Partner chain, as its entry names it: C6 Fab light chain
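To begin, one chain is listed below as structure tokens, in the form solved without the partner chain.
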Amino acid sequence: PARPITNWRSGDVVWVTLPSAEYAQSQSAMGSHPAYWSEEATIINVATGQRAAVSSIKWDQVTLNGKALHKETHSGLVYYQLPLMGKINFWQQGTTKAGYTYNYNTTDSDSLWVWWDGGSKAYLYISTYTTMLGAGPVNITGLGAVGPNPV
């Protein structure tokens, strides 16, 4: 145990799981584009092996490159952002049925988004274009690399 799972730095590799995921037609945190979300997600640091249930993290205490995360409030809901260098790669669990993000034809890199109520309930959101893996519930697994803080 060297760096906590709460501490993040550029270049970290994250293995996310979104069990019984649902489909949201519009997500405000990403500028009104579809997303997949699970209320029992898990964040895994592949290189160090540490893991944590997303609902078990006090997200106001999470830092990236020594600074607090970028958070946005949309209609009274607080969303925390974990930027990534590149796009988020996700696929259906146990299958080769892969998905794609909303910016599939764009240079813009993707970023993980977390909703947290201040207690012990939290969601994890990933950018998507449509129901390419179904309407839900469906188990999916995502992989990405943590990137620099937003400017």
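Positions refer to the first chain, counted from 1.
Missing here is the form deposited with the partner chain bound; even so, the following discussion is about that form.
Put simply, residue 111 is far from the partner chain in the deposited complex: not one heavy atom of it is within 4.5 Å. Using a 4.5 angstroms threshold between heavy atoms, residue 55 stays clear of the partner chain in the deposited complex. Annotation for 25-46: no interface residues with the partner chain in the deposited complex [heavy atom within 4.5 Å].
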